[PDB]
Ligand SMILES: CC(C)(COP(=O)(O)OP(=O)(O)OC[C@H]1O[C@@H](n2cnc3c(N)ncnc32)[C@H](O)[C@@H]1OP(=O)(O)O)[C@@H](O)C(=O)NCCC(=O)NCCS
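One chain comes next, on its own, written out as C-alpha cells in the form solved without the named molecule.
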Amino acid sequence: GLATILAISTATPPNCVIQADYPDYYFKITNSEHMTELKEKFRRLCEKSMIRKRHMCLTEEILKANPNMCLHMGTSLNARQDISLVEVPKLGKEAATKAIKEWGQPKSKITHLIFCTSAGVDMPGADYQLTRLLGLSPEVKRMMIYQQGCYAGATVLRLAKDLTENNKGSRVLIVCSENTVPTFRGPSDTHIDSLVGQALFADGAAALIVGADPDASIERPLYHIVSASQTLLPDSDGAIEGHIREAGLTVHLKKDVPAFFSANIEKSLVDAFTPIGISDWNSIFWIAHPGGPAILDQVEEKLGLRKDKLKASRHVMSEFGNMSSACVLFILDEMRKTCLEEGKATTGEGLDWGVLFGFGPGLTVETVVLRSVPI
C-alpha cells in the first residue's frame, strides 16, 4: 500500500513576539533607532507579511550575551552554532514526543528517522542527537537532510514515501526543526533582502509518523502520500541563495521570486495530476508553503483559486510565520484538526485529492500529491 501519515504534531519555543511590536523591538535590540527611514521600511515589511506572531528561541537576554549577532555582518557563526546546535534537536524532541504519543505505539517500533534542518550543521548531526534524546533503537536507519531550506517539508515526505513503501513493517519518524539563530542580524540599508528575512523567519518544529499498510486496529491514517515530484524553474538561477559564512547564514534574493513560482506552478500541477485525471485546481485541497506571501497571492490569482483554498496555509503563516520546512507540516496538522472540528467528510476539507507544495532555493518546486482520509 501507499505511504500513510499516521500522526502529526508540532512544537514552538515558548517565547512569542507580536508582529505589531517587532519593528520597535528589533530596531531597539540592534541599536538601530536612528535609522528612521529603514525602520519604517521594515515596519511595512512586517505589516505586509500578514504574520500576527512568531515564536523565537532568541531572547533579548541571549542577544545581549552574543552582541556580534546584532551587527549586520559580525563574526558570529561560532556563537550561533553554540546556541542552535542544542536547540534544534531539543525543539525537535518536543514535537517528536507528541507525535509518538498520538501514534500510540512504542518508540521501539520506529525503524527510520528523517531529520531536517537548515539551522546549523554538525558531525554527528541532529539526527544522532534526536536518536539519543528520544531513546530510539540504535539500529534506527537515519537520513539527515541538512540546509535544503523552505521546500524540505515536502522533500521529507518524498523521502519517507520510498523508505516506508520499500521496507515492509517500516515506521518512519520525520522531524523538521527550524529557528532564526543563524539568520538573525542587524539591519543595513544595502541589504534589504536580509531585512525581508528578519520580518518573516520564525522558530518551529513538526514531527510525523509515516508508514505503509496501517494496522486499522491500532493506527489511524490522516493522509496518503500518492506521489512526490521535484523540479527546477527555468531561468531562475540565483533567485534565492543562502550562504553559510563567518557571520552566519546570509540570505540573498533577486527581484521577482513570486513571478517565477506563479508563472511555473501550473506545469507542476499538470505533471502531478494528469495521471489522476484531475485538471480543476479548485477540486483538490491545498497545502502551500506560505513563507513568501506574495507567492501565494500571485499563484492564487494566476490559477483563479477560490479565495479560501489557501486559508489553512495562510493561517499557519499568520499564527507562526515562516518556519521554513516545518510550515507545510504545521498546515497539514491544522487542516486535519479543523476538518474534524467542522464535521467535514474528509481530512482534506471534504475533498478526496490534494496538493502539497514546497518552494525554495534553486528555485525548486516540490509537488506532493495527497489523498484525504474519510471523516
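Don't overthink the numbering: it's just position in the shown sequence, from 1. Rigid core here is just the name for the largest C-alpha set that superposes within 1.5 Å across the two forms.
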## Note on the structure
Stretch farther from shown form by Cα RMS in 5 other deposited structures of this protein, picked from 195-203 and 253-261 after core fit, is 253-261
### Summary
Should one compare 274-282 and 221-229 by root mean square Cα distance from the shown form in 5 other deposited structures of this protein, core superposed, the larger belongs to 274-282
### Query
Comparing 316-324 with 42-50, which stretch shows the greater average C-alpha B-factor in the deposited entry?
42-50
### Greater mean Cα temperature factor according to the PDB record, 81-89 or 233-241
233-241
### Peak C-alpha temperature factor (PDB record), options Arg142, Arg132, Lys101, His72
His72
### Residue with maximal Cα B-factor (values as given in the PDB entry) among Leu163, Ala288, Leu253, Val156
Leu253
## Note on the structure
Split the chain's modelled residues into thirds by Cα B-factor; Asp352 lands in the middle
### Task
Check where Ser170 lands among this chain's C-alpha B-factors and tell me if it's the lowest, middle or highest third.
lowest
### Task
Taking the values exactly as deposited, rank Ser262 by C-alpha B-factor within its chain and report the matching third: lowest, middle or highest.
middle
### Query
Among the chain's modelled residues, which third holds the C-alpha B-factor of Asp271?
middle
### Query
Of the three thirds of its chain by CA temperature factor, lowest, middle or highest, which one includes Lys302?
highest
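Another form exists, deposited with the named molecule bound; not displayed. Remarks below refer to it.
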### Query
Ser49, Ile192 and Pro293: each with a heavy atom within 4.5 Å of the named molecule in the deposited bound form?
yes
### Summary
Within 4.5 Å of the named molecule in the deposited bound form by heavy atoms, the stretch out of 228-236, 130-138, 97-105, 195-203 is 195-203
### Message
Can you work out whether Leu91 and the named molecule are in contact in the deposited bound form, taking contact to mean some heavy atom pair no more than 4.5 Å apart?
### Response
no
### Interface membership of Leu45, the named molecule in the deposited bound form, 4.5 Å heavy atom rule
yes
### Message
When the contact criterion is heavy atoms within 4.5 Å, does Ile240 count as touching the named molecule in the deposited bound form?
### Response
yes
### Query
Would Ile83 count as a contact of the named molecule in the deposited bound form, using a 4.5 angstroms cut-off between non-hydrogen atoms?
no
### Task
Just give me the single entry in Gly74, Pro258, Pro187, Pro214 that has a non-hydrogen atom within 4.5 angstroms of the named molecule in the deposited bound form.
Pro258
### Query
Considering the named molecule in the deposited bound form, which of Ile145, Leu253, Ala263, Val121 comes within 4.5 Å of it through any heavy atom?
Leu253
### Query
Hey, which residues along 302-324 are within 4.5 angstroms of the named molecule in the deposited bound form, non-hydrogen atoms only?
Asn322
